[PDB]
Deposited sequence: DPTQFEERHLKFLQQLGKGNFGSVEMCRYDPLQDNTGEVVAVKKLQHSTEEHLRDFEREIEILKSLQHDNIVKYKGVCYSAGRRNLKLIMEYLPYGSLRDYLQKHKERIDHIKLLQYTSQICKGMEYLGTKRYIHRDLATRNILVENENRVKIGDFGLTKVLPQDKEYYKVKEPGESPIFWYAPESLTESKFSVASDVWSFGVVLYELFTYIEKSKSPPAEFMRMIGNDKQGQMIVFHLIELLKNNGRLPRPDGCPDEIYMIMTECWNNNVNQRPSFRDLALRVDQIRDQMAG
């Protein structure tokens, strides 16, 4: 498969939770004709964390979809995950740097691909648990993939939610209220997070405008650092919400706000989202 001695470090691509991502060249012929891949390793190896890594790997290996990043193989010593390298980086950085070449119509095209890939996940009873533009990957100008599965689980098998509480730091400003209060993750919590993704896209990743910044302002940067979770749970309870981004059409903002339903069961499905997005798209064309 992939040999460690044949893998040359080029640069750091990312870190996420308890993983890092590197750009390496696989060059078994050692003639600089090998192919550029992305390699994910544990940033600090544990038995628990690696139990979890091996699962993430099985999860990705089991995914074959146009909008899902592409398992190439594995590498021991010790354990490394080889994926396809996508040359435009995360949707987050791409959109920030290049706002520029990206209109609303393109944002809905991405949005729609995010939905299709997430629907494929749901097909498999996978909860992603970490939908955020930084985890979306740009293949070319016209194509995005879901790029990382570090927190992804399977749904238990009588149950439509999966309850998990992880050591350290959670992306709480992308979490559904039930995930904050009850630690419950489901397709519907993914859909909550999808709405936040959609908000990020429409803000063009303006720094002052990020979810944390916005929510922190709404809460008070003079609240605390630990009651932050409490105040955010309250805010969301009282139907406090991320503002409509500058430029956002009311009907995209309506998608967003429907994803941020406190009622888990009333949030739309990914198939419905794709239908509505694809369709707002068409009315924007002709």
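Gaps between the deposited sequence and the modelled structure occur at positions 1-3, 81-84.
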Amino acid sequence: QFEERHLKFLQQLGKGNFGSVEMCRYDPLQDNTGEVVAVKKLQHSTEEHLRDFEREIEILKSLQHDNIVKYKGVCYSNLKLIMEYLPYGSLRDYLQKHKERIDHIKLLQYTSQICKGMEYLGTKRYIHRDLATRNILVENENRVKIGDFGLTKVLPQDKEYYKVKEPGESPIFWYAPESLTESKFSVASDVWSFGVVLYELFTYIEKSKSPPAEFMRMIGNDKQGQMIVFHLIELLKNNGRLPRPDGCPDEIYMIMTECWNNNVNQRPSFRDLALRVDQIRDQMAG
From here on, numbers count along this sequence of modelled residues.
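Higher mean CA B-factor, judged across 39-47 and 235-243 from the recorded values: 39-47. In this entry, 212-220 has the higher mean Cα B-factor, the comparison being between 90-98 and 212-220.
You'll see in the entry that, of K165, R134, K116, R125, the Cα B factor peaks at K165. In this entry, the residue among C248, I255, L29, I68 with the greatest C-alpha B factor is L29.
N17 sits in the highest third of its chain by CA B factor, as recorded in the PDB entry. Sort the chain's modelled residues by C-alpha temperature factor and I146 lands in the lowest third, per the entry.
Compared with the other modelled residues of the chain, the Cα B-factor recorded for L63 ranks in the middle third. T152: CA B factor in the middle third of modelled residues in this chain (values from the PDB entry). Among the modelled residues of the chain, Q109 sits in the middle third by CA temperature factor in this PDB entry.
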